[PDB]
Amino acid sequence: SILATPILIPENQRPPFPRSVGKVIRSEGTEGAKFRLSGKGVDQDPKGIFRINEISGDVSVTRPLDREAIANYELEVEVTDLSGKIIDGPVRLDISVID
């Protein structure tokens, strides 16, 4: 299974970026496997705001967030084998921008 825990990010962070903001966990680990993240904020507009590390599941943010532009993101996180076949998930990853 995959455990995605909602992430809260204070609005208008100072840099340096990227900044780690949370971590998704696969119960079996990732040996021979890759985390993959998608959604608005990742691969749909606005693109490139959030990333996940394929091995560690560390979720990062790449810039300051304006809560009055977008207050919440609802992402998909899944795990594939090395060839891109889904083997776990997707599950919903909530990211909320807080005051």
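One rule holds for the numbers: they count along the sequence shown, beginning at 1.
Set 83-91 against 13-21 and average the Cα temperature factors; 13-21 ends up higher. You'll see in the entry that, of 67, 47, 34, 51, the Cα B factor peaks at 47. For residue 30, the recorded CA temperature factor ranks within the highest third of the chain's modelled residues. The deposited CA B-factor of residue 72 belongs to the highest third of values across its chain.
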